[PDB]
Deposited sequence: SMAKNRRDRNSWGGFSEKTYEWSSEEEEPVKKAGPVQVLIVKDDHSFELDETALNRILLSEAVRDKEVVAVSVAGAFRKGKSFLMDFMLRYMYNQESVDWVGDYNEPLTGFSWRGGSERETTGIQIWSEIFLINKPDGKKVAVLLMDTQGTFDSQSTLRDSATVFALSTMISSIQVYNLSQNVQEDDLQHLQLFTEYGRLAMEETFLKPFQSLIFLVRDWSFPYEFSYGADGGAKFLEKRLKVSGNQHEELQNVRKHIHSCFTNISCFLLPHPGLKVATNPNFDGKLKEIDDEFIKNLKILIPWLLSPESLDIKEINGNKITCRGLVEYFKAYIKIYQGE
């Protein structure tokens, strides 16, 4: 019986609590504690499609050797679920996946769900710290945005990446590895196609710095590029009104929009295929499951005092 485990939470006193006992129970088990880890995080605001997406990532991780891992077209969705509260923090999946690479060594896959809002100036520090810790631990950060990538989205991205930099060890190269803009309800396929190719051209125009841009407009883009060695973008279509208006969607897979499943079938392996798995690195050293827990404990202690 696997499920989501609340690892990081923000108490009402605006302090940060890390469930170390739950962290150790998952990542320090003898079967996985000494294995190089890949940490994939889906980060975004509440009610933006994160749990619905990660249930399909689980379907892929539990059925990688199946062609139709998404499920039966005529039957409801099957498998474990994150969709069990608007809690600002980080959740991880209780089961760590051991993936045999094309090589002969087993790699560990950790899945993270990061949640928080940047709406008001009051809840800004709490969500910035949570999203910072998510970016510092994960090897791929999936920025889950809705409809478009707006300027405030980049400002917030600059905010929690700057929080993370101030706590990390100083590095000559870039501090983080992979950032991905996941635009969830893309409604302009006639400008940029659904998927990674359209997202690449879209993000190219968005994060382009030009001399006619405002000073604040270019400087936030210079910062974002300096933080990640790779930055990607995937334009995902709308899943349909049955998914959008149902809390915890339980209908048949047929009732999800066909274009959504088509691009979802290529989004998930684009993220989690064994060939694309890059080991998490901190300060230039490949991190193991045991080491990732140590950095999580070390980073959280810096933000407390």
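Missing C-alpha runs, given along the deposited sequence, first residue counted as 1
No coordinates exist for the deposited residues in 1-31, 116-118, 340, so these stretches are absent from the model.
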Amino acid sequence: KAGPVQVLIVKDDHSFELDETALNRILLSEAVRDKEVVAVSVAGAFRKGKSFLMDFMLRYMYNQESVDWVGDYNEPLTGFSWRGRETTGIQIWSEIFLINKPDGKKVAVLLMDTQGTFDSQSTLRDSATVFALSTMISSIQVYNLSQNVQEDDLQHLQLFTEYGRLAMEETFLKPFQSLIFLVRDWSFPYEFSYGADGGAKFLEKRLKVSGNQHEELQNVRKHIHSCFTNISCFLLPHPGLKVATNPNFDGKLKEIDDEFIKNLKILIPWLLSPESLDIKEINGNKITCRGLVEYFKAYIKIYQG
From here on, numbers count along this sequence of modelled residues.
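Output the stretch having the higher mean C-alpha B factor in the entry; the candidates are 238-246 and 57-65.
If you average the C-alpha B-factors of 238-246 and of 57-65, the larger mean comes out for 57-65.
Pick between 202-210 and 133-141: the one whose mean CA B-factor in the entry is higher.
Between 202-210 and 133-141, it is 202-210.
Using the entry's values, work out which of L267, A45, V32, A39 has the largest Cα B factor.
The record points to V32.
According to the deposited entry, which of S81, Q177, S187, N148 has the largest Cα B-factor?
Of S81, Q177, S187, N148, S81 has the highest C-alpha B-factor.
By the record's CA B-factor, is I92 among the lowest, middle or highest third of residues in the chain?
Middle third by C-alpha B-factor.
Is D113 in the lowest, middle or highest third of its chain when residues are ranked by C-alpha B-factor?
CA B-factor rank for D113: lowest third.
Sort the modelled residues of this chain by their C-alpha B factor and say whether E20 lands in the lowest, middle or highest third.
It belongs to the lowest third of the chain when residues are ordered by C-alpha B-factor.
Going by the CA temperature factor in the PDB record, which third of the chain does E170 belong to: lowest, middle or highest?
Tercile = middle for this residue's CA B-factor.
Classify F160 as lowest, middle or highest third according to the C-alpha B-factor given in the PDB entry, relative to its own chain.
It falls in the bottom third of the chain.
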